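Peer 1: When you read off a place in the sequence shown, starting at 1, and then add 1, the result is the number in the authors' numbering. By construction, the Cβ of each residue, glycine as well, lies at the ideal position given by its N, Cα and C atoms. Quick one: this structure, given as structure tokens, is what I'll be asking you about.
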Amino acid sequence: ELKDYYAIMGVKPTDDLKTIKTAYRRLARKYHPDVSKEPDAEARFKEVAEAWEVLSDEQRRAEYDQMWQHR
């Protein structure tokens with residue numbers, strides 16, 4: 002099961018950390034629960050942040066991407 006981080010973080014499924022944080026940063030920015038305007042940013046942000054881990058983690062993005070397109 003792939004958590005569409007890239008999605009979570011409103012990003013691209015085949016982008017790099019520049020997009021991802023652009024995504025998770027704009028996300029985590031719109032998702033940081035102290036300030037976020039989403040149905041569930043505590044979760045969504047954490048989804049980003051966790052996406053963002055993956056996405057910002059050569060391994061988690063790797064594993065993340067592994068389940069996603071890198072099967």
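1. Straight-line CA distance for residue 68 to residue 2?
2. Can you tell me whether DSSP reads residue 66 as helix, strand or coil?
3. CA-CA distance, residue 42 and residue 34?
4. With DSSP collapsed to three states, give me the class of residue 38.
5. Reducing DSSP to helix, strand and coil, say where residue 12 ends up.
Peer 2: Reading off the structure:
1. 7 Å
2. helix
3. Linking residue 42 to residue 34 through their CA atoms gives a straight-line distance of about 6 Å.
4. coil
5. coil
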